[PDB]
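1. the data below comprise the sequence and an experimental structure of the protein.
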Amino acid sequence: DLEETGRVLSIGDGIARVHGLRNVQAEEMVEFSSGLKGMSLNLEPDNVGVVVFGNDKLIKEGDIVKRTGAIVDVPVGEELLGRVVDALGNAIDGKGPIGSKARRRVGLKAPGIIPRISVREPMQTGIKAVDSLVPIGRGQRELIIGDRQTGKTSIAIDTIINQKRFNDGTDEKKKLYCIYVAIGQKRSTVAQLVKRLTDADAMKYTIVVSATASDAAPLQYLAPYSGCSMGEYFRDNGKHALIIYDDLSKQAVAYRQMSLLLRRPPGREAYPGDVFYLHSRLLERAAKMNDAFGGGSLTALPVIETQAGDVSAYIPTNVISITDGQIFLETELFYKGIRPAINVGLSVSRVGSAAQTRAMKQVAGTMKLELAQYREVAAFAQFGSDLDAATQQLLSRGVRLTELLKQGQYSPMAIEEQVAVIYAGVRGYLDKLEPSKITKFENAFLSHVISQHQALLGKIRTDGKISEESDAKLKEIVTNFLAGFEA
Amino acid sequence: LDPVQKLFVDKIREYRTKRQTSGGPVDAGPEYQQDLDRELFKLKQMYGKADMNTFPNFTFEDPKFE
Amino acid sequence: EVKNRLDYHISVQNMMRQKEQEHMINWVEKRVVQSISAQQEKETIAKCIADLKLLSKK
Amino acid sequence: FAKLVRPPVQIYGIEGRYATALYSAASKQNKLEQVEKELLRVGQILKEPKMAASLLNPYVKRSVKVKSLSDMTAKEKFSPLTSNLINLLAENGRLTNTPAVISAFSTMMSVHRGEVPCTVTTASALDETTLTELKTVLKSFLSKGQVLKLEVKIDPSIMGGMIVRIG
Amino acid sequence: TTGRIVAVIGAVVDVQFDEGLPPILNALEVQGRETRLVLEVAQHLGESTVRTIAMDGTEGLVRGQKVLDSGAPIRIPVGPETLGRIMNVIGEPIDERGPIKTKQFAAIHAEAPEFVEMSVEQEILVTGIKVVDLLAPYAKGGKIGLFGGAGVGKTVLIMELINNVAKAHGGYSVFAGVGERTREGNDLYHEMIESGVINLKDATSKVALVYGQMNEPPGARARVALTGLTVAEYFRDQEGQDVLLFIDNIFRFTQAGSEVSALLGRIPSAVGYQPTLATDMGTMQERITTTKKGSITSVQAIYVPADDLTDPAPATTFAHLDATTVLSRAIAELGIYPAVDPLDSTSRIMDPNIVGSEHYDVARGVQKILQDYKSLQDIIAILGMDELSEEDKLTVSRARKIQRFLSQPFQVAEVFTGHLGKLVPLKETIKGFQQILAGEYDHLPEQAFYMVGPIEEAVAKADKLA
Amino acid sequence: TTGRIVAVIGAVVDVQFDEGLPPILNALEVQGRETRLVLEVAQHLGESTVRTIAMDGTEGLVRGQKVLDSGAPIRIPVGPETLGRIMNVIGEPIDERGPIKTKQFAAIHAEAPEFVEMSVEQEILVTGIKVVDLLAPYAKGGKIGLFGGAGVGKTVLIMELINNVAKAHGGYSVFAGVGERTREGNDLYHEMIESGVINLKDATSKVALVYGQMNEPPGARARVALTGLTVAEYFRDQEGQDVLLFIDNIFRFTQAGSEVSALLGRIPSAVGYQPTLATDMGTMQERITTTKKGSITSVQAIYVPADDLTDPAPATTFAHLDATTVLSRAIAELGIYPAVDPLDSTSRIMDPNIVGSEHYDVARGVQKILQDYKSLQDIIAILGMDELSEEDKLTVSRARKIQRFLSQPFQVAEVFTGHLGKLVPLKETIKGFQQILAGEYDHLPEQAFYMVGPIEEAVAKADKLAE
């Protein structure tokens, strides 16, 4: 013990000018007397500018900063599944400890292209809207963009809920380690959220990395990186992990603030631009790996919050340029009613079809388009000014179909159901119905086919790719059922 | 080793006398009881009330029609 | 109606175990905190381990 | 610009930057020792009016300040040619600031082959050898003293919190 | 420890503490200062010198003067006696009803609880204002933010709210006056007396007024919310209470915070605003909650900068807002007491899945109906009722009736409303408007529904008429 | 000599070299850095302490740590063994296929060639995309910047070009991936093998890939660009080649420059900028040219930061360009793919003189037509029609047809489109518009032009759209 202690050369503002610790590792997380961590980020010749991790007033000059002698890793493992952690990967749940006494570096990198293998994957969220228009593969970076309970979260839950079934399945490939990185998410929010998951007990394959609202800026800062390591684990264990970063908007804020506090300056939106480097680096590690990693994935569903709907916003623009499409949720529709509330138009997965599932694809090919046409008539029509019978159907139909992508909170679907309810409309069987009666139909129709035509449904899933037989079967089933639903 | 354990001894001993004196477990400490009453009260609020400690009282809630 | 009965008892005893912890913690810390230095041999056992540091550290 | 040697101390506390002047200068020619000791004289030779507000006082006027060192350090042969930095630092106002240089320096040929406790137990015995914490633990284990409070006394502290720290 | 003034640059006194070094946020009382000239430690600058903040005058301060570290932050008197009492920031009596005599003292800070500590499920606190509950369902422990007309019986309403809940439900209230006009607070005092939510007869009435008016140095105004928060946390947990924390006015607070950010030489982040705006908030908002004990249900006056709020703070605040209160001048103009804007009384916790589909739906039918009625209002504004379908006529009448039914007389204010006021237990309340939804009443004077309480009292008033 | 880490202040490693002071740019090797650690000397800070930039994995580092100066810049393989290969900055297979052995090595800094060696003249080069050539007729061996925001099918579009062109194009092409998404390279990669343009039966593919993904240290990302350039310089000059230099995305290069600027003790200029932007540019773009050895025809993805072009960076850029493709968020938003901002997808080399007037004029007629149309928009936006004349309507409509006609499907991204996309040999274009202009189309459904290339097909498409 010489330089395994150092004295806080001076402290204020979580920047611990640190005496000693020069023998330090670069990027060493160090340890305070307050037991608090810091990272000796900047090794200046004089002191170590230590970004002090945490929030304080709990320190004073000359306090001992002891090397921890360690570069950050974050506890990693599958034992965070069934765990809600704080950013450091410590409990807040207080369910005793994790099992993730393995740790793995937050400093770990993005695959080589050779280590990576492009996405062709399915992965569905159970959300009709999603799976239809942005059907998901794995490894992918896809922006969820949506706002302050637009049920912004609700959706994610349903997605996760959908993955439950795979995690209740034995198909790892359809299983997902869900990682919900919570940035800024107040405790109440979290409390509910967690609670929800518990209830859904999808929690079992699920990490919730939670840096709530109060949390220190570096923590929140780190948190993604933490997350960044953790899913990669699963990924190298061939597993398909899902990280939800909700949200980096807060991170950036924190970071900038942090930077500014470092006197380190910025540019655009008062942010320093390597907030990009931050994210880029963060985001590149999202991948669908080559085969070498068990072909794993860490599928990233980043989330971004639009202040005033704005995206032209540097940080949003950034994130978009990284992401492999964006899912716009458009709240007006929510006021307007609509659950979910989406700008579908903006909702794109450029990846799109690469991320698909053939069962759906059979209706979905047609559907994306019919909705496209519907949308085309959202655009062509759907003012206070546009119709002919052709389009009137598309509109009618469209409106109907809208209801099908409408979707309650705390509730995703199985794909076969999705194809089903959709199917009716694709071949135009419920345009007969008003928009209003669709959901009712859908509900009914669904419990009916579940009841009888699980035969069919099971089957449609089974061939994973519809067939005329199914179609035909469906067709009577539905039509007649439809007839039954109505009359 | 010892130095560290040297603290534990001193504690452990005191516990023995305490737990082995439950009626006045050496140092019930008037303050302890004062806190007790505070926290007992709040639990009563959370949990509802009652006339008696054991079997309480009952009344048959009768449905009602228009 | 029963459970409310029982839970009141539990909760007191639970809280009493913590209050005994806080009061015992204060009391044990207030009891044992004095004649430490009167054992100079608690800095000998430091010297102990400290010569077994400065030896057993290299 | 001048290829030189800045040996232990180093560290560049500015007065480490200063020290480093003589950490190459005294050090070369090894008027290290001359000066090392010179300083020792000077510090307390200084700090009274021949330092204080009968000097340091800016209201002395800088040239005059030279001409009260160069009347204060060419007042003393304790800087027979390392005076000049004095007379420079003088100008460069680093007069109250000399201890740090002096230290740094003096240390830079003492802390230029020493060691000091920095340890999770008591000392301030200090040492003048590079290899150490072996020797010393035989002076520790020997003499008993210090503030005791002086270094870690791993008792009130660590240990002291610990039951509390469990709860 | 003692510090010395080493620098006074305004009420930022950078103190060299000579002896030792007392941690950040140690509250210091300056020695030789008879004035409770508190300095709060901010940075340990090195050299046992801190930059600290006086939040109090710097009147004649001869430097080096000794400041005695109180070694911790504030102790402020805190206790039940804060109900019915006026303190300034420093907890002194500006009540001048002698000191607010308490037992407990407090550091004006308090924490963001841990996850475990909470009532982790948030359940509606009911306001008894029909309009309110219905449209903005209030959450126990939450932050509800008051956009609102100025003195539009603002205070009155607020007083009435205190009445309605904190009385009704055995709640507690704290009023934190941040950066207000001493005059208006003075007025408020009399109002508070008047309202009897403060009794001059109770220094334990029902409301603690904690004031850190504009005239204070920033720090004081800056802290006065926290301070209050700190009281309320006692009150919450310890006093187990559902505290209503009336907060005037986070904006001015926000503003105040930033003022020092600059002047602290800190960089206050974007748009000028304190970089820690988020964390200060985070911790603050996170200081607020429902625990296993009480709730600090927080009523926050929100000055809306530039009627704009994209400006980051409120945008963020929106995140911290859970039920949102806009008081309507329009509704006020309509003479309505409640003057609330009902179609703004919302809660992001509004949802059929969340705040339940009845509330939500009943409301949706209504909100819609009103809106529909409004849609028609536009039409009607020209066209009248005549050529409208009867259903519209009905909706109009009902809407109006409902409207009138939203109208609720107020107590103390025999003067604005014309009466004494009524409280409206939710169950009847909503049920009431809904009854109008069944259209039962649609054969009656609708301005009988005007200024009433339970739905019955609306029907009843019709009856005396016809 | 040897340096000591004196400061790692970010990945700016201030290394104090005591008795060494090798010139600026010199690659310094951190001793013990297994992460092949070039520090590039940036400043002689004084004290023979240098500002360097660490360009590799860094952590573990202690102050003092030993650096052995390589005493010169990086040498990276330059020349042909890179085709196929995906190289990193330091010239290193990140194709990961054993080493890369192009025996000519390089310091990746070079000059602006002579004016006489510069393009004093160039020629319109057809692309066969209507809009593209038409408004932005392209010059061989020049620098063309493609402004366009984020993932806008930007990539799609470039790819489509690449597809059309790099394929067609016999020469080498260089792809310098600045901040390029690892993924995007992955797809591309897999494609590249697939496409068999890269086939590894030819490490003299027509394409060298240099990828410098955004995960990289900014400094690294910044320099990967030069790397690609240096190689391409190899190819131009040495291999005499008509190089296509695919740059995705020059913005990130710059972005890295600006980003670092602060930390360099430089001031992060307007918007935070690199004040060295210009010089960066000057040196970079001016390094590119058509020599009379080869041509480096440069396709530069230019992200429009935060959609600001006024933004100094893009603002600068224009000077260095010869053709700008500014993609319109609106056009894009109309789903129109081509998603162009045609009213700034340009080439200075638009002129009857050059491109023949027909092209030119037609274009000018168009440019105009849109322009006029543009003018109206502000009124009409709330205020509909009939407060306008119907010839205005005609132009509007025509402009609109034209609009749709620029929409020209994407053969590549059938994944995105479902459509098969078109290449329009020039005449169908020139003619195409002449006809619409001629009113020859002005009674057809506008969707006829929508997602078509050749105008006939638009007619064909019309007929069926006319049921």
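-> Perfect, thanks for sending it. Residues are numbered from 1 along each chain as shown, chains lettered A, B, ... in the order given.

2. determine the longest helix present in chain D.
-> Criterion DSSP state H: the longest helix present in chain D is helix D:32-46.

3. show me how far that helix is from its chain's centre.
-> 11 Å (CA atoms, centre = their mean, to the nearest Å).

4. ok, then the element right after that helix?
-> helix D:62-66 (DSSP states H and E).

5. beyond that following helix, next helix or strand please.
-> helix D:86-89.

6. can you list contacts of that following helix?
-> D:18, D:66, D:69, D:70, D:73, D:74, D:79, D:95, D:97, D:98, D:101 (CB atoms under 8 Å, 6 or more residues apart in numbering or on different chains). Every C-beta, even on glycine, is put in place using the N, C-alpha and C of the backbone.

7. repeat the analysis, applying 7 Å as the threshold.
-> Helix D:86-89 is contacted by residues D:66, D:69, D:70, D:73, D:79, D:95 when judged by CB atoms under 7 Å, 6 or more residues apart in numbering or on different chains.

8. got the buried residues for whichever helix or strand comes after that helix?
-> Counting by DSSP H and E, the next helix or strand C-terminal to helix D:86-89 is helix D:98-110. In terms of neighbour count (16 or more other CB atoms under 10 Å in any protein chain shown), helix D:98-110 has its buried residues at D:98, D:100, D:101, D:102, D:103, D:104, D:105, D:106, D:107, D:108, D:109.

9. find the nearest non-adjacent residue to the residue of chain D found nearest chain A, please.
-> Chain A sits closest to residue D:118 of chain D, with a gap of 4.2 Å, by CB to the nearest CB. Closest residue to residue D:118 apart from its sequence neighbours, by CB to CB, 6 or more residues apart in numbering or on different chains: residue A:2 at 4.2 Å.

10. distance of the residue in chain B that chain E sits nearest to from residue E:112?
-> Nearest residue of chain B to chain E (CB to the nearest CB) works out as residue B:42 at 5.6 Å. Noted for residue B:42: a distance of 22 Å to residue E:112, by CB to CB, to the nearest Å.

11. looking at these two, which one has more neighbours?
-> Taking neighbours as other CB atoms under 10 Å in any protein chain shown, residue B:42 and residue E:112 compare with residue E:112 leading, 21 against 18.

12. confirm the more buried one sits in a helix?
-> No. If the criterion is DSSP: H, G, I helix; E, B strand; the rest coil, then residue E:112 is coil and not within a helix.

13. that one contacts residue E:287, doesn't it?
-> Yes. Using CB atoms under 7 Å, residue E:112 is in contact with residue E:287, at 5.7 Å.

14. where does the stretch 51-200 of chain E come near chain A, residue by residue?
-> Taking CB under 7 Å from any CB of the partner chain as the criterion, the stretch 51-200 of chain E approaches chain A at residues E:112, E:114, E:115, E:116, E:118, E:120, E:122.

15. where do the helices sit along chain A?
-> Counting by DSSP H, the helices of chain A are A:128-133, A:152-167, A:187-200, A:217-236, A:248-261, A:275-284, A:314-322, A:332-335, A:358-379, A:389-405, A:415-426, A:435-451, A:454-463, A:468-486.
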